[PDB]
Amino acid sequence: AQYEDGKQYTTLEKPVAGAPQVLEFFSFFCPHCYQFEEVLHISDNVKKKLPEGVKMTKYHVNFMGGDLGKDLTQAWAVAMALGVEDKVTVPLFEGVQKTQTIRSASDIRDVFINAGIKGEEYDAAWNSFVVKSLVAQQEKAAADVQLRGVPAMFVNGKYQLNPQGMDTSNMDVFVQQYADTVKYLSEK
């Protein structure tokens, strides 16, 4: 076939019931994640090709960057709660990997402040139980698939994208192959 289990995707032996339709995991410490977000714009190109009625979910992970890694998972929860993902994703990536100006929870906070979220509102969210439960959800989803690496994408809790099995000579062509595979898996 043109799409083969074990080539552009793998199947989870242990399928996850009730999982989000399209679920992506990343870390702000993750070098291919930086590429995926700022050079390839994967999440974006996947969206553009998903059929109608399918929602996209993106979660941060704890297993890179130690203490700061967890702060970032909590910050990403804040970003989800306030709906400001598209305002903080780039400066968080560049702050961790490009300028290396993010070294503490306070430095993460500065990124949101500079993005125009009010201090009061950031701190209120940071300390909220709604954000605590969003951190819980991110952890549970990663746990439900025994996640040990990022970037990662899962479709309907049954299929896991496998980008290693795709030609990367051309970045445009890689992105579309990736996106078209998520669409194929989505319609499965």
Side-chain angles (χ1 to χ4, degrees), residues 1-66 69-70 72-77 79-80 85-86 89-90 92-93 96-97 133-188:
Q2 296 272 354
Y3 294 104
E4 294 169 349
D5 194 315
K7 194 29 177 263
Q8 301 103 316
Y9 68 96
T10 53
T11 308
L12 302 183
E13 297 155 23
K14 287 214 55 215
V16 177
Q21 291 172 288
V22 176
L23 183 49
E24 188 177 338
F25 295 94
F26 78 111
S27 170
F28 286 112
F29 281 95
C30 160
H32 289 130
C33 303
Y34 190 112
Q35 294 300 304
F36 265 44
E37 175 65 18
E38 291 208 16
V39 182
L40 291 41
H41 307 275
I42 292 290
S43 299
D44 205 58
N45 282 269
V46 168
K47 179 144 188 184
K48 284 198 300 83
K49 267 172 176 182
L50 287 180
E52 185 177 34
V54 352
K55 128 173 284 188
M56 290 180 72
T57 305
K58 171 137 68 185
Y59 287 162
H60 199 266
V61 302
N62 288 342
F63 59 77
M64 300 184 73
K70 285 195 80 151
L72 282 164
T73 301
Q74 187 159 353
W76 188 248
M80 287 185 293
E85 297 96 324
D86 297 337
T89 290
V90 166
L92 285 170
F93 265 122
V96 177
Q97 294 185 50
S133 60
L134 280 170
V135 166
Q137 288 168 232
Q138 297 183 87
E139 295 189 18
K140 188 191 171 287
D144 286 340
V145 305
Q146 283 202 308
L147 187 72
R148 107 174 70 102
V150 286
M153 187 173 302
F154 296 87
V155 180
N156 307 270
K158 214 163 172 13
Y159 308 110
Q160 180 182 347
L161 275 288
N162 181 37
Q164 293 84 0
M166 306 181 186
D167 186 359
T168 62
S169 49
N170 179 301
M171 324 194 80
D172 302 325
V173 167
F174 167 75
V175 176
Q176 289 325 317
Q177 180 173 11
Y178 197 96
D180 288 342
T181 302
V182 180
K183 183 172 188 289
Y184 155 85
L185 291 175
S186 190
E187 296 163 355
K188 214 173 165 81

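The first residue of the sequence shown is numbered 1, and numbering continues consecutively from there. Excluded from the calculations below are hydrogen atoms, water molecules and symmetry mates; all remaining heavy atoms, backbone and side chain alike, are included.
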[atom2] on [Y] to [atom1] on [X], rounded to 0.5 Å:
X      : Y      : atom1 : atom2 : result
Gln138 : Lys58  : CD    : NZ    : 12.0 Å
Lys158 : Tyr9   : NZ    : OH    : 10.0 Å
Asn45  : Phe36  : CG    : CZ    : 11.5 Å
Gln35  : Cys33  : CD    : SG    : 10.0 Å
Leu134 : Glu139 : CG    : CD    : 11.5 Å
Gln137 : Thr57  : CD    : OG1   : 9.5 Å

Are the side chains of [Y] and [X] in contact, using a 4.5 Å heavy-atom criterion?
X      : Y      : result
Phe154 : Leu147 : yes
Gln74  : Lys70  : no
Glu37  : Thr89  : yes
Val96  : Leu72  : yes
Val150 : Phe63  : yes
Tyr178 : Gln8   : no
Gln97  : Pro31  : yes

Quick test of your reading of the model: are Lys140 and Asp144 salt-bridged, counting only N-O distances below 4.0 Å?
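Salt bridge: yes.
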
Are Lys188 and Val155 close enough, and set up right, to give a side-chain contact (heavy atoms from CB on, under 4.5 Å), and what steps lead you there?
CA-CA 10 Å; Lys188 214 173 165 81; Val155 180; over 6 Å; no

Heavy atoms of other groups near [X] [atom1], more than 12 under 6.0 Å:
X      : atom1 : value
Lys7   : NZ    : no
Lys49  : NZ    : yes
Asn170 : CG    : yes
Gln146 : CD    : no
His32  : NE2   : no

Would you name the heavy atoms of [X] and [Y] that are closest together and state the gap between them?
X      : Y      : result
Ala77  : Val135 : CB-CG2, 3.8 Å
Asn156 : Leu185 : ND2-O, 4.0 Å
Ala19  : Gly157 : CB-CA, 3.6 Å
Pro51  : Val54  : O-CG1, 3.3 Å

Within the side chain of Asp167, is there an N or O that forms a donor-acceptor pair under 3.5 Å with the backbone of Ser169?
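Yes: the side chain of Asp167 pairs with the backbone of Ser169.
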
Taking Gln177 for its side chain and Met166 for its backbone only, find out whether a donor-acceptor pair lies under 3.5 Å.
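No; judged by distance alone, with no hydrogens or angles, the pair does not exist.
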
Any luck finding a side-chain donor-acceptor pair between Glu24 and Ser43 under 3.5 Å?
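A donor-acceptor contact under 3.5 Å links the two side chains.
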
Looking at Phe25, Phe29, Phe28, which one forms a side-chain contact (heavy atoms from CB on, under 4.5 Å) with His60?
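So, applying the side-chain contact (heavy atoms from CB on, under 4.5 Å) to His60 and each of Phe25, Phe29, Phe28, only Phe28 qualifies.
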
Stepwise, does the side-chain hydrogen bond (donor to acceptor under 3.5 Å, both in side chains) test hold for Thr10 with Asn162?
CA-CA 7 Å; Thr10 53; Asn162 181 37; over 6 Å; no

